[PDB]
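Engineer: Structure below; questions to follow.
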Amino acid sequence: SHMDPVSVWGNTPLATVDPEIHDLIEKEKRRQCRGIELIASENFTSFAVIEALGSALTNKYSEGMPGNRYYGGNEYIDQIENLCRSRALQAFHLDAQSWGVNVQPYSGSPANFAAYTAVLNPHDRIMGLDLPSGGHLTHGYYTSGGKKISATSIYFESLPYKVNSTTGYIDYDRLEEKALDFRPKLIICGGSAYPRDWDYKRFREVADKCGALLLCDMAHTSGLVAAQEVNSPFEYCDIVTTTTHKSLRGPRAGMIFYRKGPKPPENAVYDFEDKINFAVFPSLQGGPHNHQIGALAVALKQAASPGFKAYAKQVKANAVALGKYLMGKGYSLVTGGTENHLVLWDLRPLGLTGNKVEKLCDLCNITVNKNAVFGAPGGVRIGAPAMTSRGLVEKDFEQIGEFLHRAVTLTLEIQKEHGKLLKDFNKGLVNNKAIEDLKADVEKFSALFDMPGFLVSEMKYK
Amino acid sequence: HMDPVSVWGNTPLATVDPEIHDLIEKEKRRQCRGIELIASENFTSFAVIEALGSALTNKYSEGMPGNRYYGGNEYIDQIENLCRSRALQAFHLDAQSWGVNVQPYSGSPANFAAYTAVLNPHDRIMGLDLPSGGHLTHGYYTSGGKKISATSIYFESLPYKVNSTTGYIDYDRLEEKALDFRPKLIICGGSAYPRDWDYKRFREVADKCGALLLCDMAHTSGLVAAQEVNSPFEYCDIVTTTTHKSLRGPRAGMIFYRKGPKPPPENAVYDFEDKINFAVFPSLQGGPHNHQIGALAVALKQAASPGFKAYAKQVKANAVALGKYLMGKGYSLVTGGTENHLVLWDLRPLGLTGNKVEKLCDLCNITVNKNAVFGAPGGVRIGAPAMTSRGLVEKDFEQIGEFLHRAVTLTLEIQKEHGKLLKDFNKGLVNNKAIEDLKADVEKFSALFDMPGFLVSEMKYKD
Amino acid sequence: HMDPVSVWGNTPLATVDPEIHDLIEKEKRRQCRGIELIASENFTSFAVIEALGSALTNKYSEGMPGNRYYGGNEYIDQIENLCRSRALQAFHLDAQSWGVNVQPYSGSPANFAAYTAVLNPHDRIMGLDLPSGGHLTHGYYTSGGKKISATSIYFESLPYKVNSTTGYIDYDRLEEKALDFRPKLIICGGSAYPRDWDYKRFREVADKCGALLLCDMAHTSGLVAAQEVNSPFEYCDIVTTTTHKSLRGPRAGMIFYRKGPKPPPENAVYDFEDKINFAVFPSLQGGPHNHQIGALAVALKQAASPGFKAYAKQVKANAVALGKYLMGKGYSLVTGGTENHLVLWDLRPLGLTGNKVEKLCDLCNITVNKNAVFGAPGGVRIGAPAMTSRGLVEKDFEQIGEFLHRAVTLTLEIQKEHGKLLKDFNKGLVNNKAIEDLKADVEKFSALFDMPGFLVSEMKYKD
Amino acid sequence: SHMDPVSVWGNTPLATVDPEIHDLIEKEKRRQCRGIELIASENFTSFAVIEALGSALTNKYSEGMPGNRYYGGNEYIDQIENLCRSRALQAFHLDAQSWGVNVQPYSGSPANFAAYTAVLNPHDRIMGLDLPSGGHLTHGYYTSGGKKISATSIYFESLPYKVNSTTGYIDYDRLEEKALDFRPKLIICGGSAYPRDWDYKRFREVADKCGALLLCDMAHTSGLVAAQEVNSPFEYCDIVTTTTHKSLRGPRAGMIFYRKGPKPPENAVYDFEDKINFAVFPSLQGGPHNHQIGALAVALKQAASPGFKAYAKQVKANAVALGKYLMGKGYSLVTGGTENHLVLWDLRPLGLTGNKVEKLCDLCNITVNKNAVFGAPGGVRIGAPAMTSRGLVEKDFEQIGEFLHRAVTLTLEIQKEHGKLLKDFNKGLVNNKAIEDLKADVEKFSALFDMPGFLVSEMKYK
Ligand SMILES: Cc1ncc(COP(=O)(O)O)c(CNCC(=O)O)c1O
Ligand SMILES: Cc1ncc(COP(=O)(O)O)c(CNCC(=O)O)c1O
Ligand SMILES: Cc1ncc(COP(=O)(O)O)c(CNCC(=O)O)c1O
Ligand SMILES: Cc1ncc(COP(=O)(O)O)c(CNCC(=O)O)c1O
């Protein structure tokens, strides 16, 4: 036989090497810019971030840390990771004498589990926001039947705290009481579907009374934190973890911030740095994904610009404006508003489940996600970061609410005519002219705005 | 006021971030103007890189194709389904007997997800000892008892070793340890083992002691796909792998698992699929990195080509030719040869440590890595995949051996002139004309070959 | 030369070891010349003591009757079989529905053996909080998170509490915690709880959350045998107990477990017997203490007599009469009374701590113990079994309350005169004529009654 | 109704209160003095020990330690426990500045598990002598199938070391190699059926090379240790646990010895005392069994007498003399002799199992126990302490060997005539005149010697 020439296999563009995958990426590109993307955890990152993500940085193995690698060839990888770490501190206004950061986690879930491994022993106790109350899997999750779902609940001992059953706010009194009975070694704040800000000072007061470490998972609001538009968890938390692909508008990666230097009121100093770095490598991960680190460095510089602070301001205002429109139609929002990037829409007063609204919205190129509410999820979660990154403002998000209003009206019209069971409901989705009209208006409205990451003019499917 | 989308979102990297753009360009030159001999490294294709840097990074798709948590996944599902079916085809697996999860972020997440699926916390694991060629994720604790690897933190690990004299895996001591220790899981595969694995013997040991058998084929997965080494799928219950080494894809992981009827209690069937998929999500990971999955799908298509089988053949032949050249100069290789992509070079007969040779080689743009040998590591590990991907053949790898020979000769001259201690050795690296002469010859030799992934002609830093 | 058997082996203790003989004689006088109010203490019979000190201590008999590891157990087997059948008869249990293991060395080994039988390491357990009246073996960790009890070291425990105002068990907060925490095992029973237990409600909570239900009836086992309190066998899967408290036997433990068909998946039967017996031996214990088993068999026969049911009735009536007397003086009892063998005396309304009252009472040969109350413990626990075994009735226990009243009065006089701090309090104990006067009145009152276990007439230290 | 008077229920002798149990104790008393007791773990303790064991000390609750109890009334209990501890140190020639002891363990298995809990965390690694090689359950045991039997193997991670497959001695080279692969936190020496002395110095050399603590379980030879007739484990071990009812000839209890004071070649001191005491109480046990502690104090004083050192010398000589007689008949002993209180008799060369010899011996009032040998146990374990306590010397133990020789001859005669299967073998035990003749000669021989603990003249069944 004969080996392929480098020019054939190694330099030929994707559109020629693999038409199938190229065609599917092009279809996904159109889907992203011809619908309304309301997944609260999604964003549209920049072309610059994407160019660093798709680069020769993927070829380099660089196990270890800058200045203490396991092998050579890391002269420029070290500068990239050092730039990424220093830019990570600048984006969140942290002094390098009081804070450090590890930028090697592959994603948010590796970042959280590495933080747990660093400061906790197996079976140590952890408290996190309950999933039906707005928490995340990695904060601990086991079912009513006792089945341990999350790895946090498998390798550690978790116990959730809940929001108030009626107001929807975090019950800080019941949080403190459970923390005193349970005595966790680590308390986690932050969540995935909580529509209000966090009282980190009260969390610090509870952690000090029970003797726990305080960690904040700011994955969802990290972009708002960098722009100083929400409460800063660094004022009170020992460790802060985050994703970088949500409101921060970067690549899919994770970071772990940790305190260093003198402790607040012997002459004790913090002992997190070595534990956190060792937990990431050599304990849990292998070689870093340097293409993610380089792309993250780009995203962190953009997050420090004045234009980004205006983006975070706009995300909050769009979420509020959208929430005001929905409540003006009589709809119920958890806590009756929002202070961040998302709204949590209670659908139980309409006799609807999140599944039905999400399915019909998806048929209209409106991507939301069903989400549990306090108490077959009875709500949908709606986020503003992604569509705001396309340039939408308050008036545009009121139009989104109008589309959502039309979609729920069609959901109720279908349910009233065919039935409450899924098999009955599905009958109304086949050959529905009103759905096809709603999708047409979404598509035309979505095409009105720009799209970052790629050029619509160069798209395959226009 | 918000920035216009065209300004922040569509502007090329070279304008948005000159600092990072310049550093990527410098790393591009380093990759194509030196000799890359890290056995775990490769140079992937531009096609893989174009899929890696694409709008697929924007999509959240928690769950599995056909079983997602939310919508918008019409095209993501087809990409992951294509990736899974191409993974089975690339390794010649029947879909009724094998399944695969392609969501692991990397190789270490892939191994820990497999452990979580089939093991309870503190269950016992046996893996190849690190000084014998093993990997961290197979278990590692220090002399003091400090648990380094997460495998040794959340599970109970015990290593097995190569034969103290031959350097081959001691299958007799493996079986003896397996019966004393009674592991629930035995791991085969390694990072610096220069021979093939007897998976049939591992199955005999696993059946005698009652353990599951997992193979971590990360390093030789490309050779396995091309059927140039023994296939672990013939005997192992689970096969994990990276996709960025000899497979020449993006940085990702996969978990292969058996399906269907068991081989001779009743008509029992395998029970791995649901446990493995659940362990990846929702247990350990969050949303998959769909840009990795799409790039992996491209890599798996390329791995099924006739050109890739010829590449795997060439990697093996280059490793032999390099090893044959080194032994002709009197140097010592562990097991006295190789049957895969790498050679393990024993430096103790020369009175050298792996640290010194690696440091001087790096000053000449020759990237190797110090590596423990059976027993301050006394060896260096050298791999053929990366330079073979640039088009080098046997004669070119014999010149690489000449460069290595020159480097070790300079290392001994420094040690004889300044001393055996590292601080003494460093004195010989300051303003060394012979090192700078070797660096110049490496650069000129490296510039002779093509480079996948990007165009050398469009590089920022020329010559 | 070896000593003759008659010299070392047959000589009485009074000659072999005068030092220890003298100390036992002094302890004999202390036991019958003071007021013993430790709720967990009793005075067992001479018959029990004769079996306890017998040649049964010489026999090794690892295993179970009819399933031993070696021979010579013809008579040991009959003794253990008698002990087991008498254990079921004493608590009115059908042998087809209940079994019992009588080999635990004490109560704490009995509880930990039950945990080992039905739980895996780190499984979750709920037990009565120590400040609410619980016991160490039900789980205990400090404010700092330090795991004190072995139950909290090898398992994951979480306490439930009494109502903050009434002092009764908060069954609503119990169920709420059981659903959040999801324990595999819920423990009922306690050491200082002055009311009866609603085992039916515990069964409803255990069934709703999916837990096993165990009762530790150590303190009230004598009252249970005489059917003077609620029976935990009606609702619990497992019942553990000591045998030296209200049961008035030797220091040993037992584990009762359900057998036979389950109450309404299929025709399921209980699976406790083999797990519990295996947990005791060979898992946790070695050879049983057959002298304890023989003495226990004697105690269980005595516990089945009509005289024992009258003793249990009297213990309850004495506790009420003592508590009624204390409340007539204005003192505060937790839950304002009792339904069992003890009273829990709240001293915080008097501005006193349990430590001070216990110290002054001990100087007067009145043995109580400081005990936490809901919330430097602010209470003392007082029990009726021991003094009731000496023949005291209600009028005699009202005199005991008068002694306690005098003791607390002296405690307050010292605190008012010297101070609230412990170092201040100690100043009032030096050469206190009122304390010495109270001690004299306790001695004269204590000498009025008989004493089981030994003959007061043959004591070494008379008067 | 009416309560029983104290004189009736509380002062009446056992023979009247419970004739059934009294009759069974009397039958057990005769069985003990009219047969040959060769269970290596059994002894006959003194009447003085028994009088302290059966005393009013059983009525006292005394949770805690002397000088730091939880409640009052402990003036005399404290003196008894303090006497017991100081006598424990004297019996083993320990300086109180270098060694402490806790005398509260209920038995040997509680003593070992309390020591493990004190110095180890759950799932820490332990190495102990394999059961087929002469080890004990509490040192760790899991089956070939992987079933975890011992609580040591359930709550900790155990791995056994073995004797040499041919010589029967401990393989110290393979011990060191396994310790270096496995890296235990605790190494246990001592065993239940090992017929030779221990090289504690080599055990210390292995423990120091791998970084482990060294514990000796001297339960079986504790009497020989007190009399300084075998190697002392205190010279090299960090912790020493023991029972008190075997060769020490005391009550059924346990003790934990631990090092204190300056360490051997900073100015570090030992940290065992607080950990060991806390593990016993409040961690694992409740109130001490003060009747056991008082009886133990008596036994420890007797163990310090010159008569006891002569007893330990005689136990060793009786075991050797018995072993010499058996080997003179062609029988096989593990390691071909003994250096302590027992012999391990290999029955496989005779085509016999331990079950058959033990069953036939038991029918002749000869109590041995089947015991695994290196490799359906193929051996029997025979001990000298109990019969030596009755005054038997070398000539008497050669008569025991003659009885054992006759018993095995009858076992082979039965097996040759009826078969190797248990059902075949049992046929030869029914109405066997030779067995009844052997039992008659054992009974007459056993009646020739005295019996401690009780007066044969006062027995019920003579
Ligand atoms: C055999 C093996 N398995 C798993 C991994 C982990 O892969 P990730 O870095 O993607 O987590 C490695 C990395 N081996 C790196 C080397 O030999 O240089 C490996 O060699
Ligand atoms: C608060 C939080 N933390 C961690 C993660 C995990 O991130 P990765 O998927 O990169 O592992 C998520 C994902 N949240 C997904 C969602 O809300 O839709 C999250 O919401
Ligand atoms: C060495 C050793 N250690 C501890 C124990 C346990 O002692 P207790 O039974 O008191 O728990 C034994 C019992 N050995 C019993 C035998 O060899 O027959 C033992 O032999
Ligand atoms: C309810 C309960 N359970 C178990 C135990 C332990 O029993 P042992 O001491 O035999 O291990 C106790 C001791 N309670 C002691 C007291 O209340 O004073 C107890 O009160």
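Here, A, B, ... name the chains of the structure tokens in the order displayed, residue numbers run from 1 inside each chain, and ligands are numbered from 1 in the same displayed order.
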Counting only C-alpha atoms, what is within 8 Å of region 360-366 of chain A, bar same-chain residues fewer than 3 positions away, as a list in words?
Structural biologist: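 The residues satisfying every condition are residues 31, 34, 35, 36, 37, 38, 356, 357, 404, 407, 411, 429, 435, 436, 438, 439, 440, 442 and 443 of chain A; 71 and 72 of chain B.
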Engineer: Include C-alpha atoms and write out the residues we just selected as a PDB file, in the first residue's frame.
Structural biologist:
```pdb
ATOM      1  CA  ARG A  31     -30.561  26.632  13.277  1.00  0.00           C
ATOM      2  CA  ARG A  34     -32.793  31.426  12.405  1.00  0.00           C
ATOM      3  CA  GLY A  35     -34.510  30.659  15.716  1.00  0.00           C
ATOM      4  CA  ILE A  36     -34.867  32.127  19.194  1.00  0.00           C
ATOM      5  CA  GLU A  37     -32.333  30.595  21.590  1.00  0.00           C
ATOM      6  CA  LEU A  38     -33.579  30.917  25.179  1.00  0.00           C
ATOM      7  CA  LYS A 356     -45.776  20.446  26.371  1.00  0.00           C
ATOM      8  CA  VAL A 357     -44.637  24.076  26.133  1.00  0.00           C
ATOM      9  CA  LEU A 404     -43.928  32.879  23.929  1.00  0.00           C
ATOM     10  CA  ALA A 407     -46.909  29.547  21.855  1.00  0.00           C
ATOM     11  CA  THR A 411     -50.483  24.796  23.751  1.00  0.00           C
ATOM     12  CA  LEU A 429     -48.943  19.285  16.493  1.00  0.00           C
ATOM     13  CA  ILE A 435     -47.674  26.522  14.510  1.00  0.00           C
ATOM     14  CA  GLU A 436     -46.278  26.879  10.988  1.00  0.00           C
ATOM     15  CA  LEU A 438     -45.594  31.074  14.394  1.00  0.00           C
ATOM     16  CA  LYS A 439     -42.408  29.385  13.156  1.00  0.00           C
ATOM     17  CA  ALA A 440     -42.471  31.596  10.054  1.00  0.00           C
ATOM     18  CA  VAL A 442     -39.874  33.549  14.439  1.00  0.00           C
ATOM     19  CA  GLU A 443     -37.636  32.784  11.463  1.00  0.00           C
TER      20      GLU A 443
ATOM     21  CA  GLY B  71     -34.740  20.528  22.362  1.00  0.00           C
ATOM     22  CA  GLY B  72     -32.807  22.023  19.471  1.00  0.00           C
TER      23      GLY B  72
END
```
Engineer: With 12 Å as the limit and counting only C-alpha atoms, what residues in chain A lie close to chain D? Please list them as an MDAnalysis selection string.
Structural biologist: chainID A and resid 121:123
Engineer: Would you output that residue set with N, CA, C and O atoms, as a tab-separated table (two decimals), in the first residue's frame?
Structural biologist:
```tsv
chain	number	residue	atom	x	y	z
A	121	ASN	N	-12.17	14.96	51.95
A	121	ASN	CA	-11.93	13.53	51.93
A	121	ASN	C	-13.20	12.80	51.48
A	121	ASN	O	-14.30	13.34	51.60
A	122	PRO	N	-13.06	11.60	50.93
A	122	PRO	CA	-14.25	10.82	50.56
A	122	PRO	C	-15.22	10.69	51.73
A	122	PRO	O	-14.82	10.42	52.86
A	123	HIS	N	-16.50	10.91	51.43
A	123	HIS	CA	-17.65	10.82	52.34
A	123	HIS	C	-17.79	12.04	53.25
A	123	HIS	O	-18.64	12.03	54.15
```
Engineer: Residues within 9 Å of ligand 2 (only C-alpha atoms and all ligand atoms), as a VMD selection string?
Structural biologist: (chain A and resid 39 to 42 106 to 112 135 to 139 190 to 193 217 to 221 241 to 246 252 to 254 369) or (chain B and resid 60 to 62 284 to 289)
Engineer: For region 99-105 of chain D, please output as a PyMOL selection string all residues within 7 Å (counting only C-alpha atoms; exclusion window: fewer than 3 positions along the same chain).
Structural biologist: chain D and resi 85+94-96+110-111+253-260+273+277+280+288+293
Engineer: Excluding residue 184 (chain A) and its own-chain neighbours fewer than 5 positions away, which residues fall within 8 Å of it when counting only C-alpha atoms? Please give them as a PyMOL selection string.
Structural biologist: (chain A and resi 124-127+179+210-212) or (chain C and resi 145)
Engineer: Report, in Å to a single decimal, how far apart CA of residue 372 (chain B) and CA of residue 441 (chain B) are.
Structural biologist: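 CA of residue 372 (chain B) lies 29.0 Å from CA of residue 441 (chain B).
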Engineer: Write out as a VMD selection string the residues lying within 9 Å of residue 153 (chain C), counting only C-alpha atoms and excluding same-chain residues fewer than 5 positions away.
Structural biologist: (chain C and resid 122 139 141 147 to 148) or (chain D and resid 117 121 to 122 283)
Engineer: Let's have the selection written as an mmCIF file, in the first residue's frame, with C-alpha atoms.
Structural biologist:
```cif
data_model
loop_
_atom_site.group_PDB
_atom_site.id
_atom_site.type_symbol
_atom_site.label_atom_id
_atom_site.label_comp_id
_atom_site.auth_asym_id
_atom_site.auth_seq_id
_atom_site.Cartn_x
_atom_site.Cartn_y
_atom_site.Cartn_z
ATOM 1 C CA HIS C 122 -21.275 4.842 55.527
ATOM 2 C CA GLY C 139 -24.708 8.394 66.603
ATOM 3 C CA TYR C 141 -20.629 14.121 66.479
ATOM 4 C CA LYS C 147 -16.977 11.970 64.961
ATOM 5 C CA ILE C 148 -17.196 10.675 68.537
ATOM 6 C CA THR D 117 -10.142 2.577 65.404
ATOM 7 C CA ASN D 121 -9.237 5.788 59.534
ATOM 8 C CA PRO D 122 -11.913 3.699 57.782
ATOM 9 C CA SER D 283 -16.200 5.608 70.677
#
```
Engineer: Hey, which bits of chain B sit within 9 Å of ligand 1, and for each residue what's the closest pair of atoms and how far apart in Å (one decimal), counting only C-alpha atoms and all ligand atoms, rows by chain and increasing number, as JSON lines?
Structural biologist:
```
{"residue": "B:38", "atom": "CA", "partner": "ligand 1", "partner_atom_place_in_ligand_line": "18 (O)", "distance": 6.8}
{"residue": "B:39", "atom": "CA", "partner": "ligand 1", "partner_atom_place_in_ligand_line": "18 (O)", "distance": 6.5}
{"residue": "B:40", "atom": "CA", "partner": "ligand 1", "partner_atom_place_in_ligand_line": "18 (O)", "distance": 4.6}
{"residue": "B:41", "atom": "CA", "partner": "ligand 1", "partner_atom_place_in_ligand_line": "18 (O)", "distance": 7.4}
{"residue": "B:105", "atom": "CA", "partner": "ligand 1", "partner_atom_place_in_ligand_line": "10 (O)", "distance": 7.8}
{"residue": "B:106", "atom": "CA", "partner": "ligand 1", "partner_atom_place_in_ligand_line": "10 (O)", "distance": 4.2}
{"residue": "B:107", "atom": "CA", "partner": "ligand 1", "partner_atom_place_in_ligand_line": "7 (O)", "distance": 3.8}
{"residue": "B:108", "atom": "CA", "partner": "ligand 1", "partner_atom_place_in_ligand_line": "11 (O)", "distance": 3.9}
{"residue": "B:109", "atom": "CA", "partner": "ligand 1", "partner_atom_place_in_ligand_line": "11 (O)", "distance": 6.6}
{"residue": "B:110", "atom": "CA", "partner": "ligand 1", "partner_atom_place_in_ligand_line": "11 (O)", "distance": 8.0}
{"residue": "B:111", "atom": "CA", "partner": "ligand 1", "partner_atom_place_in_ligand_line": "4 (C)", "distance": 7.2}
{"residue": "B:134", "atom": "CA", "partner": "ligand 1", "partner_atom_place_in_ligand_line": "1 (C)", "distance": 7.0}
{"residue": "B:135", "atom": "CA", "partner": "ligand 1", "partner_atom_place_in_ligand_line": "1 (C)", "distance": 5.5}
{"residue": "B:136", "atom": "CA", "partner": "ligand 1", "partner_atom_place_in_ligand_line": "5 (C)", "distance": 7.7}
{"residue": "B:137", "atom": "CA", "partner": "ligand 1", "partner_atom_place_in_ligand_line": "4 (C)", "distance": 6.5}
{"residue": "B:138", "atom": "CA", "partner": "ligand 1", "partner_atom_place_in_ligand_line": "3 (N)", "distance": 8.0}
{"residue": "B:189", "atom": "CA", "partner": "ligand 1", "partner_atom_place_in_ligand_line": "1 (C)", "distance": 6.2}
{"residue": "B:190", "atom": "CA", "partner": "ligand 1", "partner_atom_place_in_ligand_line": "1 (C)", "distance": 4.5}
{"residue": "B:191", "atom": "CA", "partner": "ligand 1", "partner_atom_place_in_ligand_line": "20 (O)", "distance": 4.2}
{"residue": "B:192", "atom": "CA", "partner": "ligand 1", "partner_atom_place_in_ligand_line": "17 (O)", "distance": 7.0}
{"residue": "B:216", "atom": "CA", "partner": "ligand 1", "partner_atom_place_in_ligand_line": "1 (C)", "distance": 5.7}
{"residue": "B:217", "atom": "CA", "partner": "ligand 1", "partner_atom_place_in_ligand_line": "1 (C)", "distance": 6.3}
{"residue": "B:218", "atom": "CA", "partner": "ligand 1", "partner_atom_place_in_ligand_line": "1 (C)", "distance": 4.8}
{"residue": "B:219", "atom": "CA", "partner": "ligand 1", "partner_atom_place_in_ligand_line": "1 (C)", "distance": 5.6}
{"residue": "B:220", "atom": "CA", "partner": "ligand 1", "partner_atom_place_in_ligand_line": "1 (C)", "distance": 8.6}
{"residue": "B:240", "atom": "CA", "partner": "ligand 1", "partner_atom_place_in_ligand_line": "3 (N)", "distance": 8.1}
{"residue": "B:241", "atom": "CA", "partner": "ligand 1", "partner_atom_place_in_ligand_line": "3 (N)", "distance": 6.5}
{"residue": "B:242", "atom": "CA", "partner": "ligand 1", "partner_atom_place_in_ligand_line": "10 (O)", "distance": 5.7}
{"residue": "B:243", "atom": "CA", "partner": "ligand 1", "partner_atom_place_in_ligand_line": "10 (O)", "distance": 7.9}
{"residue": "B:244", "atom": "CA", "partner": "ligand 1", "partner_atom_place_in_ligand_line": "10 (O)", "distance": 7.5}
{"residue": "B:245", "atom": "CA", "partner": "ligand 1", "partner_atom_place_in_ligand_line": "20 (O)", "distance": 8.6}
{"residue": "B:251", "atom": "CA", "partner": "ligand 1", "partner_atom_place_in_ligand_line": "10 (O)", "distance": 6.0}
{"residue": "B:252", "atom": "CA", "partner": "ligand 1", "partner_atom_place_in_ligand_line": "10 (O)", "distance": 6.3}
{"residue": "B:253", "atom": "CA", "partner": "ligand 1", "partner_atom_place_in_ligand_line": "10 (O)", "distance": 6.9}
{"residue": "B:369", "atom": "CA", "partner": "ligand 1", "partner_atom_place_in_ligand_line": "18 (O)", "distance": 8.1}
```
Engineer: Return the neighbours of chain D among the residues of chain B, cut-off 12 Å, counting only C-alpha atoms, as a ChimeraX atom specification.
Structural biologist: /B:121-124,126,129,140-147,152-161,173,176-184,207-211
Engineer: Pick out each residue of region 71-220 of chain D that DSSP on the backbone tags as strand (DSSP E); I need them as a PDB file with C-alpha atoms, in the first residue's frame.
Structural biologist:
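Okay, this is what ended up in selection_27.pdb:
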```pdb
ATOM      1  CA  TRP D  99       4.136   2.288  78.319  1.00  0.00           C
ATOM      2  CA  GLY D 100       0.463   2.661  79.144  1.00  0.00           C
ATOM      3  CA  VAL D 101      -2.414   0.196  79.100  1.00  0.00           C
ATOM      4  CA  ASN D 102      -6.210   0.272  78.827  1.00  0.00           C
ATOM      5  CA  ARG D 125      -4.697  -0.793  54.934  1.00  0.00           C
ATOM      6  CA  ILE D 126      -3.801  -3.614  57.338  1.00  0.00           C
ATOM      7  CA  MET D 127      -1.606  -6.697  56.971  1.00  0.00           C
ATOM      8  CA  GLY D 128      -1.985  -9.784  59.143  1.00  0.00           C
ATOM      9  CA  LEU D 129      -1.072 -13.450  59.199  1.00  0.00           C
ATOM     10  CA  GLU D 157      -8.527  -2.942  53.787  1.00  0.00           C
ATOM     11  CA  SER D 158      -6.678  -6.125  54.722  1.00  0.00           C
ATOM     12  CA  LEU D 159      -4.121  -8.244  52.870  1.00  0.00           C
ATOM     13  CA  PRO D 160      -2.648 -11.404  54.420  1.00  0.00           C
ATOM     14  CA  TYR D 161       0.925 -12.602  54.542  1.00  0.00           C
ATOM     15  CA  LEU D 186      -0.646  -1.106  60.189  1.00  0.00           C
ATOM     16  CA  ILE D 187       1.137  -4.471  60.284  1.00  0.00           C
ATOM     17  CA  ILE D 188      -0.102  -7.082  62.768  1.00  0.00           C
ATOM     18  CA  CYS D 189       2.082  -9.856  64.151  1.00  0.00           C
ATOM     19  CA  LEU D 213       2.700   1.006  62.570  1.00  0.00           C
ATOM     20  CA  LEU D 214       3.570  -2.336  64.165  1.00  0.00           C
ATOM     21  CA  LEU D 215       1.029  -4.066  66.412  1.00  0.00           C
ATOM     22  CA  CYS D 216       1.430  -7.443  68.117  1.00  0.00           C
ATOM     23  CA  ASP D 217      -1.582  -9.557  69.112  1.00  0.00           C
TER      24      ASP D 217
END
```
Engineer: Give me, please, the distance in Å between CA of residue 354 (chain A) and CA of residue 293 (chain B), quoted to one decimal.
Structural biologist: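 Spanning CA of residue 354 (chain A) to CA of residue 293 (chain B) is a straight-line distance of 28.9 Å.
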Engineer: Tell me, counting only C-alpha atoms and all ligand atoms, for each residue of chain D within 8 Å of ligand 4, which pair of atoms is nearest and how far apart they are in Å to one decimal, in rows ordered by chain and increasing number, as a tab-separated table.
Structural biologist:
```
residue	atom	partner	partner_atom_place_in_ligand_line	distance
D:61	CA	ligand 4	18 (O)	6.9
D:63	CA	ligand 4	9 (O)	7.6
D:285	CA	ligand 4	11 (O)	5.4
D:286	CA	ligand 4	9 (O)	3.5
D:287	CA	ligand 4	9 (O)	3.9
D:288	CA	ligand 4	9 (O)	6.9
```
Engineer: Return the single residue from D:227, D:334, D:447, D:342 that is closest to ligand 3, with distances computed using only C-alpha atoms and all ligand atoms.
Structural biologist: D:342
Engineer: Neighbours of region 2-16 of chain A within 12 Å (only C-alpha atoms; same-chain residues fewer than 4 positions away dropped), as a PyMOL selection string?
Structural biologist: (chain A and resi 20-26+460) or (chain B and resi 42-54+248-249+294-295+297-299+301-303+305-315+387-393+449-457)
